[PDB]
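Residues per chain, in single letters:
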Amino acid sequence: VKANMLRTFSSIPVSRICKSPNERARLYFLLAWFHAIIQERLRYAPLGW
């Protein structure tokens, strides 16, 4: 999950994720965490998705 979130944070430009209402950053962090969780869950095929 750590590597996935680090990968999905460098992909998103800083300009979009920062220069906005100050609550956007927490929303993007939640989005990255959710994407990492559901992407890492795919490894355990029959028990996950």
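Residues numbered from 1 in each chain as written, not as in the entry; some residues may be left out. Part of a larger assembly, values for the part shown. Heavy atoms only, no water.

- Method information in the entry identifies cryo-EM as the source of the structure, with 3.4 Å recorded as the resolution.

- The PDB lists this entry under the title "Engineered human dynein motor domain in microtubule-bound state".

**Overview of helix α1 (residues 2–11)**
- The set of residues buried in α1 consists of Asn4, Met5 and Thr8. Looking down the long axis of α1, one finds its buried residues gathered within 95 degrees of arc, a one-sided arrangement. Among the exposed residues of α1, those pointing more than 90 degrees away from its buried face are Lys2, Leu6, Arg7 and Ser10.
- Structurally, α1 contributes buried residues whose contacts are with α3 (24–40). (Buried < 20%, exposed > 50% of the residue type's maximum accessible area, 1.4 Å probe, protein only. Helix = DSSP H or I, 4+ residues; strand = E, 2+ residues; numbered from the N terminus. Arc of directions from axis to C-beta. Contact = heavy atoms within 4.5 Å.)

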